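Trainee: Sharing protein32.cif below, mmCIF, N, CA and C atoms:
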data_work
loop_
_atom_site.label_atom_id
_atom_site.label_comp_id
_atom_site.auth_asym_id
_atom_site.auth_seq_id
_atom_site.Cartn_x
_atom_site.Cartn_y
_atom_site.Cartn_z
N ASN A 1 98.79 83.67 91.48
CA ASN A 1 98.36 84.49 92.60
C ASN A 1 97.72 83.65 93.71
N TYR A 2 98.33 82.50 94.01
CA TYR A 2 97.90 81.69 95.14
C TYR A 2 98.76 81.91 96.38
N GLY A 3 99.91 82.58 96.25
CA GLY A 3 100.78 82.85 97.37
C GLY A 3 100.68 84.28 97.85
N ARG A 4 101.64 85.11 97.44
CA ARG A 4 101.67 86.52 97.82
C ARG A 4 100.32 87.19 97.54
N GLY A 5 99.68 87.70 98.58
CA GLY A 5 98.38 88.34 98.43
C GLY A 5 98.18 89.55 99.33
N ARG A 6 99.27 90.14 99.80
CA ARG A 6 99.19 91.28 100.71
C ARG A 6 98.80 92.54 99.93
N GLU A 7 97.50 92.63 99.65
CA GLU A 7 96.89 93.80 99.03
C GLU A 7 97.47 94.10 97.65
N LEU A 8 98.12 93.12 97.03
CA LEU A 8 98.69 93.29 95.69
C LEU A 8 99.76 94.37 95.69
N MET A 9 100.53 94.43 96.78
CA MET A 9 101.63 95.37 96.93
C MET A 9 101.14 96.82 96.79
N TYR A 10 100.16 97.16 97.62
CA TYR A 10 99.66 98.53 97.74
C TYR A 10 100.38 99.30 98.84
N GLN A 11 101.58 98.88 99.23
CA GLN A 11 102.26 99.44 100.39
C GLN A 11 102.85 100.81 100.03
N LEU A 12 103.63 101.37 100.96
CA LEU A 12 104.24 102.69 100.84
C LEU A 12 103.26 103.83 101.09
N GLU A 13 102.12 103.54 101.73
CA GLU A 13 101.20 104.57 102.19
C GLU A 13 101.28 104.82 103.69
N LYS A 14 101.61 103.78 104.46
CA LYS A 14 101.85 103.91 105.89
C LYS A 14 102.62 102.67 106.33
N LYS A 15 103.37 102.81 107.42
CA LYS A 15 104.26 101.74 107.88
C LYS A 15 105.25 101.39 106.76
N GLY A 16 106.14 102.35 106.52
CA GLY A 16 106.89 102.41 105.27
C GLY A 16 107.16 103.83 104.83
N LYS A 17 106.74 104.80 105.65
CA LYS A 17 107.04 106.22 105.45
C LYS A 17 108.39 106.61 106.03
N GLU A 18 109.32 105.67 106.10
CA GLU A 18 110.63 105.85 106.73
C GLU A 18 111.29 107.17 106.36
N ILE A 19 110.90 107.76 105.23
CA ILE A 19 111.44 109.05 104.80
C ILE A 19 111.44 110.05 105.96
N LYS A 20 110.56 109.84 106.94
CA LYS A 20 110.50 110.75 108.08
C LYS A 20 111.78 110.68 108.92
N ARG A 21 112.32 109.47 109.13
CA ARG A 21 113.55 109.35 109.90
C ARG A 21 114.76 109.87 109.15
N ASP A 22 114.65 110.10 107.84
CA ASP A 22 115.69 110.78 107.09
C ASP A 22 115.51 112.29 107.13
N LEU A 23 114.26 112.75 107.07
CA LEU A 23 113.98 114.17 107.24
C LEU A 23 114.47 114.65 108.60
N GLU A 24 114.26 113.84 109.64
CA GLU A 24 114.70 114.22 110.97
C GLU A 24 116.20 114.47 110.99
N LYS A 25 116.97 113.58 110.37
CA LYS A 25 118.42 113.75 110.34
C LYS A 25 118.82 114.94 109.49
N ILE A 26 118.15 115.12 108.34
CA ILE A 26 118.44 116.28 107.49
C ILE A 26 118.25 117.57 108.27
N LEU A 27 117.22 117.61 109.13
CA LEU A 27 117.00 118.79 109.95
C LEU A 27 118.08 118.91 111.03
N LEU A 28 118.33 117.82 111.76
CA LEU A 28 119.37 117.82 112.79
C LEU A 28 120.71 117.37 112.23
N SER A 29 121.10 117.96 111.10
CA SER A 29 122.43 117.78 110.54
C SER A 29 123.01 119.15 110.21
N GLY A 30 124.34 119.22 110.19
CA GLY A 30 125.02 120.48 109.96
C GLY A 30 125.31 120.76 108.51
N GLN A 31 124.28 120.80 107.68
CA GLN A 31 124.44 121.10 106.26
C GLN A 31 124.24 122.59 106.02
N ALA A 32 125.02 123.14 105.10
CA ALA A 32 124.97 124.56 104.81
C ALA A 32 123.67 124.92 104.10
N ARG A 33 123.52 126.20 103.77
CA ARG A 33 122.34 126.73 103.10
C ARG A 33 122.66 127.13 101.67
N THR A 34 123.45 126.31 100.98
CA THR A 34 123.86 126.62 99.62
C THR A 34 122.66 126.90 98.74
N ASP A 35 122.79 127.91 97.88
CA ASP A 35 121.73 128.30 96.96
C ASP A 35 122.38 128.99 95.76
N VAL A 36 121.53 129.50 94.86
CA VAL A 36 122.00 130.14 93.64
C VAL A 36 121.48 131.57 93.49
N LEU A 37 120.58 132.02 94.36
CA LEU A 37 119.97 133.34 94.23
C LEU A 37 120.81 134.44 94.86
N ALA A 38 122.11 134.21 95.09
CA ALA A 38 123.02 135.23 95.60
C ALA A 38 122.62 135.72 96.99
N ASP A 39 121.84 134.92 97.71
CA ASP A 39 121.45 135.18 99.10
C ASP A 39 120.50 136.37 99.23
N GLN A 40 120.14 137.03 98.13
CA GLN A 40 119.23 138.16 98.19
C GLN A 40 117.77 137.72 98.08
N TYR A 41 117.48 136.83 97.13
CA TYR A 41 116.15 136.27 96.88
C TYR A 41 115.22 137.27 96.20
N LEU A 42 115.65 138.51 96.00
CA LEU A 42 114.84 139.50 95.30
C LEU A 42 115.71 140.37 94.39
N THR A 43 116.74 139.78 93.78
CA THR A 43 117.62 140.55 92.91
C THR A 43 116.81 141.35 91.89
N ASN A 44 116.08 140.64 91.02
CA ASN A 44 115.18 141.27 90.06
C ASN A 44 115.83 142.48 89.40
N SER A 45 117.13 142.41 89.15
CA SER A 45 117.89 143.54 88.61
C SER A 45 117.79 143.51 87.09
N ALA A 46 116.76 144.17 86.57
CA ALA A 46 116.49 144.18 85.13
C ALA A 46 116.24 142.77 84.62
N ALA A 47 115.20 142.13 85.16
CA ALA A 47 114.74 140.82 84.70
C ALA A 47 115.77 139.73 84.97
N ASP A 48 116.05 139.52 86.27
CA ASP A 48 116.80 138.36 86.76
C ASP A 48 118.02 138.07 85.89
N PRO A 49 119.07 138.90 85.97
CA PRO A 49 120.26 138.66 85.15
C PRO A 49 120.78 137.24 85.26
N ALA A 50 120.50 136.58 86.38
CA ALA A 50 120.91 135.20 86.56
C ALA A 50 120.27 134.32 85.49
N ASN B 1 78.01 119.26 28.34
CA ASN B 1 76.55 119.58 28.29
C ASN B 1 75.73 118.33 27.98
N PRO B 2 75.44 117.53 29.01
CA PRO B 2 74.66 116.31 28.79
C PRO B 2 73.18 116.61 28.59
N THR B 3 72.48 115.59 28.08
CA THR B 3 71.05 115.67 27.86
C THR B 3 70.28 114.50 28.45
N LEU B 4 70.97 113.54 29.07
CA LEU B 4 70.33 112.37 29.66
C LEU B 4 70.68 112.17 31.13
N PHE B 5 71.89 112.52 31.55
CA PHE B 5 72.31 112.39 32.95
C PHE B 5 72.21 110.93 33.41
N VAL B 6 73.01 110.08 32.77
CA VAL B 6 72.93 108.64 32.98
C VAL B 6 74.12 108.14 33.80
N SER B 7 73.97 108.14 35.12
CA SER B 7 74.85 107.43 36.05
C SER B 7 76.32 107.81 35.92
N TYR B 8 76.65 108.83 35.15
CA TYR B 8 78.03 109.25 34.99
C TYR B 8 78.23 110.72 35.31
N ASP B 9 77.30 111.58 34.91
CA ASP B 9 77.35 112.99 35.26
C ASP B 9 76.82 113.27 36.66
N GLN B 10 76.45 112.24 37.41
CA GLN B 10 75.92 112.40 38.76
C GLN B 10 77.07 112.68 39.71
N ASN B 11 77.32 113.95 39.98
CA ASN B 11 78.37 114.34 40.90
C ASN B 11 77.86 114.32 42.34
N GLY B 12 78.79 114.17 43.28
CA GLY B 12 78.43 114.10 44.68
C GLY B 12 77.96 112.72 45.09
N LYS B 13 78.82 111.73 44.94
CA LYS B 13 78.49 110.36 45.29
C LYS B 13 78.65 110.14 46.80
N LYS B 14 78.43 108.90 47.23
CA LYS B 14 78.66 108.50 48.61
C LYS B 14 79.55 107.27 48.75
N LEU B 15 79.81 106.55 47.66
CA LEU B 15 80.72 105.42 47.56
C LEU B 15 80.15 104.15 48.18
N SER B 16 79.03 104.22 48.90
CA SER B 16 78.31 103.05 49.40
C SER B 16 79.25 101.95 49.88
N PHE B 17 80.20 102.34 50.73
CA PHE B 17 81.11 101.36 51.30
C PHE B 17 80.34 100.33 52.12
N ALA B 18 81.01 99.22 52.42
CA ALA B 18 80.44 98.18 53.25
C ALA B 18 80.71 98.47 54.73
N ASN B 19 80.10 97.67 55.59
CA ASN B 19 80.21 97.82 57.04
C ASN B 19 80.88 96.60 57.66
N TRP B 20 81.92 96.09 57.01
CA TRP B 20 82.68 94.97 57.55
C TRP B 20 84.03 94.91 56.85
N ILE B 21 84.87 94.00 57.32
CA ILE B 21 86.19 93.77 56.74
C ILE B 21 86.47 92.27 56.78
N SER B 22 87.19 91.79 55.77
CA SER B 22 87.50 90.37 55.62
C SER B 22 88.97 90.16 55.97
N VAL B 23 89.22 89.72 57.20
CA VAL B 23 90.58 89.37 57.63
C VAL B 23 90.74 87.88 57.34
N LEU B 24 91.14 87.57 56.11
CA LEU B 24 91.24 86.19 55.66
C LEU B 24 92.43 85.45 56.28
N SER B 25 93.27 86.13 57.04
CA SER B 25 94.41 85.46 57.66
C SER B 25 93.91 84.30 58.52
N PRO B 26 94.68 83.22 58.62
CA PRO B 26 94.21 82.05 59.37
C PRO B 26 94.23 82.27 60.87
N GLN B 27 93.06 82.23 61.50
CA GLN B 27 92.93 82.35 62.94
C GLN B 27 92.58 81.03 63.61
N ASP B 28 92.52 79.93 62.85
CA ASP B 28 92.18 78.63 63.42
C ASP B 28 93.17 78.25 64.51
N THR B 29 92.69 78.10 65.74
CA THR B 29 93.52 77.75 66.89
C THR B 29 92.82 76.65 67.67
N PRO B 30 92.79 75.43 67.12
CA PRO B 30 92.04 74.35 67.79
C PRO B 30 92.63 73.97 69.13
N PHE B 31 93.96 73.87 69.22
CA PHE B 31 94.58 73.49 70.49
C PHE B 31 94.21 74.47 71.59
N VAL B 32 94.30 75.77 71.31
CA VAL B 32 94.00 76.78 72.32
C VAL B 32 92.51 76.78 72.64
N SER B 33 91.66 76.71 71.61
CA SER B 33 90.23 76.72 71.85
C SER B 33 89.75 75.48 72.59
N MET B 34 90.53 74.40 72.56
CA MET B 34 90.17 73.18 73.26
C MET B 34 90.72 73.14 74.68
N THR B 35 91.98 73.53 74.87
CA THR B 35 92.58 73.52 76.20
C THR B 35 91.98 74.62 77.06
N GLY B 36 91.80 74.31 78.35
CA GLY B 36 91.24 75.26 79.28
C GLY B 36 92.27 76.27 79.75
N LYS B 37 91.80 77.19 80.59
CA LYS B 37 92.63 78.24 81.16
C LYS B 37 92.46 78.23 82.68
N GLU B 38 93.43 78.82 83.36
CA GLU B 38 93.44 78.83 84.82
C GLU B 38 94.21 80.04 85.31
N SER B 39 93.64 80.77 86.26
CA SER B 39 94.29 81.95 86.81
C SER B 39 95.39 81.54 87.78
N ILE B 40 96.62 81.95 87.48
CA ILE B 40 97.78 81.65 88.31
C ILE B 40 98.20 82.93 89.03
N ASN B 41 98.72 82.76 90.24
CA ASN B 41 99.12 83.92 91.04
C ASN B 41 100.48 84.45 90.61
N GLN B 42 101.51 83.62 90.71
CA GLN B 42 102.87 84.02 90.40
C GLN B 42 103.30 83.44 89.06
N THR B 43 104.40 83.98 88.54
CA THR B 43 104.89 83.57 87.22
C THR B 43 105.23 82.08 87.20
N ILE B 44 105.87 81.59 88.25
CA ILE B 44 106.31 80.21 88.32
C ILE B 44 105.26 79.38 89.04
N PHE B 45 105.13 78.12 88.64
CA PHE B 45 104.15 77.22 89.22
C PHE B 45 104.70 75.80 89.14
N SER B 46 103.85 74.82 89.45
CA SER B 46 104.26 73.43 89.49
C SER B 46 103.03 72.55 89.59
N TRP B 47 103.23 71.26 89.34
CA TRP B 47 102.15 70.28 89.42
C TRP B 47 102.75 68.94 89.84
N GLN B 48 102.11 68.28 90.79
CA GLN B 48 102.59 67.00 91.28
C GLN B 48 102.11 65.86 90.38
N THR B 49 102.68 64.68 90.60
CA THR B 49 102.32 63.49 89.85
C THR B 49 102.93 62.28 90.54
#
What would the structure in this file look like if it were written as structure tokens?

Mentor:
Amino acid sequence: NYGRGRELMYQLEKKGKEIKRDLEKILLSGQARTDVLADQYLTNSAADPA
Amino acid sequence: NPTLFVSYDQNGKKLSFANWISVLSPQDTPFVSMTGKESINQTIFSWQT
């Protein structure tokens, strides 16, 4: 431990949150709204037959 | 039906175990106990000569 000493690799808390530039694209992308709840979200037809 | 109660009918013992253990395995490490130690940063290192 005489060389690398940048906080003992405590990174990924800031300057490294690049996930934001992927979230931005996910929002401004033309992906569908696929789901499994039959688009109702409140089926509850005798204890969620699904 | 005893009449003397001599060190055998005494129920409810405690076993008077000891408070140590004898690890007789050989732990003698003279080379290690003699050679010093040094904190290294990375896995790989070097020394000049």

Trainee: Within 6 Å of chain B, which residues belong to chain A? Use only N, CA and C atoms and report them as a ChimeraX atom specification.

Mentor: /A:1-3

Trainee: How far is it from atom C of residue 24 in chain A to CA of residue 42 in chain A, in Å with one decimal?

Mentor: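 Between atom C of residue 24 in chain A and CA of residue 42 in chain A the gap works out to 29.6 Å.
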
Trainee: As an exercise, work out the distance from CA of residue 25 in chain A to atom N of residue 12 in chain A in Å and give it to one decimal place.

Mentor: 21.4 Å

Trainee: Mind pulling up the distance from atom N of residue 33 in chain B to CA of residue 48 in chain B?

Mentor: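 Between CA of residue 48 in chain B and atom N of residue 33 in chain B the gap works out to 24.5 Å.
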
Trainee: From a DSSP calculation on the backbone, collect every residue of range 2-37 of chain B in alpha helix (DSSP H) and output the set as a list in words.

Mentor: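 Those residues are residues 30, 31, 32, 33 and 34 of chain B.
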
Trainee: Just need the box for range 4-19 of chain B, edges along x, y and z, holding every atom the file lists for it with 4 Å tacked onto each side, so centre and edge lengths in Å to one decimal, as AutoDock Vina command-line options.

Mentor:
--center_x 75.7 --center_y 105.5 --center_z 43.4 --size_x 18.8 --size_y 25.7 --size_z 36.6
